[PDB]
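Form deposited in one PDB entry, single chain, as structure tokens, below.
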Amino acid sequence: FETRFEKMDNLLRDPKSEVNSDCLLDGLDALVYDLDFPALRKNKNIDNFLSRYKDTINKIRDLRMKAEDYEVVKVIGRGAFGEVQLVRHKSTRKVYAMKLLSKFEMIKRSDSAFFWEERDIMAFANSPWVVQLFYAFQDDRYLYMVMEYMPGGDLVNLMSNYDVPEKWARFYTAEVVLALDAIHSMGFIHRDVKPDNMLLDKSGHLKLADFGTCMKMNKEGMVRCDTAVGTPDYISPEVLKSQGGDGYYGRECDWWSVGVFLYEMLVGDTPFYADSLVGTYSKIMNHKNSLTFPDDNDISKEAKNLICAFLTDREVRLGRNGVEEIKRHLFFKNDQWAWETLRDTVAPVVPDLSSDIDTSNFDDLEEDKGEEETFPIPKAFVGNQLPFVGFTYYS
């Protein structure tokens, strides 16, 4: 009684806990979803449980956060397992960006663990470099992530809408460096650094948005991965080389992607662009001969040096000896801003916003996903809702 009890109360209250109040309700909720089928109901035990808990769980479902509580303005983005839509909470009238993740497409493949790091990072980062997660909830079909809306859009949109000069390229590269260092200080390697993940707020300042590929570093700041992760153009040779045996890499791989970002910002095209996706693979592996710069150059000596310093073999890459090695590069030596007060200074592009639901910085995309597949009626207990138990979070 005195020896142990105090610890149990903390485990139920703690937001970082795996067995807190909201996570335990997820278990009861998942159990009802996975058992309520005629074939399964034949079992006296399964029928005994559902007859006692179906009515109260339906009462729970109505009380706790649901997709119905949010009014969808428009679809602003789309990923592999879902879509990002601009939403307004019906009661509070607060504007958010809601990320949906298809439980079907997640179960169909095997990806049912990637969201845990993303959820943890966004919800407990408390950094102006990470897109904040206010609420996380779920139903039988999706995983919902209620995050802060970034009205300035992504860097892909900025690079297509503007001929980015070196003064702007210096700002956005430095912001990415400080943003990645915040992720590194949290003990993570991003593994998917690209302009699609770099989002801008109402002020026009950078924030990292997707953390699905994030992996916790060991005591040596290293990681072991048998399967390569990222995007064909921004992938580093060491991560691209991943296979069962030699898949050993640290935080240096994220700095490669920074150089890939800087090249695309100043040139207009990705450094290892090929018309065939296999052609890109060979170009990255042969960076010693593939990395060229167009004959016409308005871009500085120090810009090409930082690009080439990042775009080298893992061992000779810049940033191997910490972030201070990057911060001290001649390319970042300017007069307009300082490393410690960079986010406090005026951004190059400040979004001209008319309303709280302004989507000018987001390109229109096909709203209809057709007809999404739903799990077939099981003949026995499969428990498709089990890998999602504990996802619900509140702030």
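Throughout, rigid core stands for the largest set of C-alpha atoms superposing within 1.5 Å between the two forms. Each residue number is its position in the shown sequence, starting from 1.
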Is residue 369 a gap in at least one third of the other compared entries?
yes
Using the B-factors recorded in the PDB entry, average over the C-alpha atoms of 292-300 and of 158-166, then report which stretch comes out higher.
292-300
114-122 versus 88-96 - greater average Cα B-factor per the deposited record
88-96
Entry-reported Cα temperature factor of residue 386, expressed as the chain third it lands in
lowest
C-alpha B factor of residue 34, ranked within the chain: lowest, middle or highest third?
middle
Relative to the other modelled residues in the chain, which third contains the C-alpha temperature factor of residue 201: lowest, middle or highest?
middle
Sorting the chain's modelled residues by C-alpha B-factor, tell me whether residue 269 ends up in the lowest, middle or highest third.
middle
Residue 305: CA B-factor among chain residues, third -> highest
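In what follows, reference is made to the form deposited in another entry, a form of this protein that is not presented.
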After rigid core alignment between the shown form and the other one, the listed option with CA shift of 2 Å or more out of 179, 159, 258, 76 is 76
Taking the rigid core as the superposition reference, indicate whether the CA of residue 133 shifts 2 angstroms or more between the shown form and the other one.
no
Tell me whether residue 105 is among the residues that move between the shown form and the other one (Cα shift of 2 angstroms or more, core superposed).
yes
Taking 2 Å as the cut-off, check whether the CA of residue 94 shifts that much or more between the shown form and the other one after a rigid core fit.
yes
